[PDB]
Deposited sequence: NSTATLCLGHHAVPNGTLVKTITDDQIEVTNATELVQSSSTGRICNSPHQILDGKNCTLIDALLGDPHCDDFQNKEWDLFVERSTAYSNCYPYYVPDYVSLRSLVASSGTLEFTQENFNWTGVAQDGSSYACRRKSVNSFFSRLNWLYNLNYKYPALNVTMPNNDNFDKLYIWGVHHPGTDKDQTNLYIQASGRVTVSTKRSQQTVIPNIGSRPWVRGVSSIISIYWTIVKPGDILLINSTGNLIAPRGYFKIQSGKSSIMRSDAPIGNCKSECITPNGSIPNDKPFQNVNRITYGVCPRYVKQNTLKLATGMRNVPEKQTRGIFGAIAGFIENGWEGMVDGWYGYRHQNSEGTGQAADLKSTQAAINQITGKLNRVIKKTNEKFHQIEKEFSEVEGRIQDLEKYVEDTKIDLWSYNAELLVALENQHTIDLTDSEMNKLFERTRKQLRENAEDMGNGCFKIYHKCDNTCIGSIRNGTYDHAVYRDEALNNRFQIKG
């Protein structure tokens, strides 16, 4: 009755979370947060990025001018979305270096086309095919010009086109490979054509190949597609004696943050910085497990499906040496007392705020939203290729393993640090109380002090308030101790 008990403690919860540290494989803490984004809504948000739904059209088909891709003329994009249902419906073609043409056009982000008055005197223009009907009429790629004989004559073409602008020009052109020699000589009078497209810095020559081919859309022939970039002040020169699928002009080729993505996710009316083929994902967490293919401001892809970051002290469901206090809801640390006036509880705001202030924004010190990716490498492959594809796969797998390691070590280190800093605040609160009490109390060993003098609620409050004067009670307290 002539003494008092003051216990120092911390809070506890009944439903703790296990996290991982350097010290413990699993340790239960009061609170944690997930660092790996692992789910997507399934929709690609049309804000803030300019999304272009390719629908049934690939970018190359929209580039060449497949009639069912006419709506894409001169359109621009931040992200072009190619659907797996896309198909070709014009004259059969193939693109040597399809991958690079697709990449650089996708990164350019525009299909702005400008016609140029090539002088094709001597030959017939605007060749059409039943295999490429546009609005029920035989037609051809909108951006290409199928040249053929004019009155049984195909004179040698030698056409020039300077680049007198301040920008690079992208020229798409082709070479026709007839199925038979009867086709070859009927279209182009010479028994074999030849196309040479050149600039002051390049030369590209194609010899057409007359030969049977597997029928595609009623046609036994095919077109090879090539591209040429003309720098400012340079000159495009097209020299041909047959089989030339001529350009009608140039595409602007820009540099910027545009790219292309293969996805079947629908485009929704929402706003999201990060786009994956699985759909848009939130970018609050530093890491994501949804897809290695991302566009925008995105969490970094890691192999882990979950990484829990401790946001509270160790959960331990007498003072803090024995146990935590589930009943303390207004603070992380606090006091419990037993004196002449009964029992009471009060939280310590100083130590609680110190622990919280260290834990808030903990992760914003090492990992921020510094991962803004636009056009990158391909990370999914449908064809066997070998060397270049091996390297692309190895680079991406090397990157992911390294960030997965970084993510693992970071969470373990930070969680070790969250435990230690919260353990530290508890000991500091205990030491502040001991130094206040001086020779008026003894450490009972369980996180509680035995105060050797009568100490009513105001006296206990003075200790919690930091205004306890040991000199006032030292005479009374030293008398009871010894």
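Unmodelled regions of the deposited chain sequence (numbering from residue 1, in sequence order): 318-328, 494-497.
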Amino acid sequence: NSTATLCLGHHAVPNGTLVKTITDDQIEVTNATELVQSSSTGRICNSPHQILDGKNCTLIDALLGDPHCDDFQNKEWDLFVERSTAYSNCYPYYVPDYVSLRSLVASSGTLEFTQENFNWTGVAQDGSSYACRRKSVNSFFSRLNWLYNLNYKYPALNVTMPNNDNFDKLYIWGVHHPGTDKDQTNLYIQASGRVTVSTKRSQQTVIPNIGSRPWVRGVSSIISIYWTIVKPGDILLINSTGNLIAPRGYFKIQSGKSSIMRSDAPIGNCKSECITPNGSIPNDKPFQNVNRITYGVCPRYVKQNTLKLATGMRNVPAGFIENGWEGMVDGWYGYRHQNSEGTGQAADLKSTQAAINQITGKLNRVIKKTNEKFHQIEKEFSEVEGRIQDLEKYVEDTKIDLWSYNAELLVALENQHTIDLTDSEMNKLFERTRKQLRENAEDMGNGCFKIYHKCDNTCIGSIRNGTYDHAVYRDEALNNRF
From here on, numbers count along this sequence of modelled residues.
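Between the stretches 176-184 and 137-145, it is 176-184 that shows the larger average CA temperature factor.
For the two regions 427-435 and 55-63, the entry's Cα B-factors average higher over 427-435. In the deposited coordinates, the residue among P92, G127, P277, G218 with the greatest CA B-factor is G218. Across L236, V123, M261, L363, the entry's maximum B-factor at the CA atom is seen for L363. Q37: CA B factor in the lowest third of modelled residues in this chain (values from the PDB entry). For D97, the recorded CA temperature factor ranks within the highest third of the chain's modelled residues. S404: CA B factor in the lowest third of modelled residues in this chain (values from the PDB entry). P162: CA B factor lies in the middle third for its chain, per the PDB record. In the deposited entry, the Cα temperature factor of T370 places it in the highest third of its chain's modelled residues.
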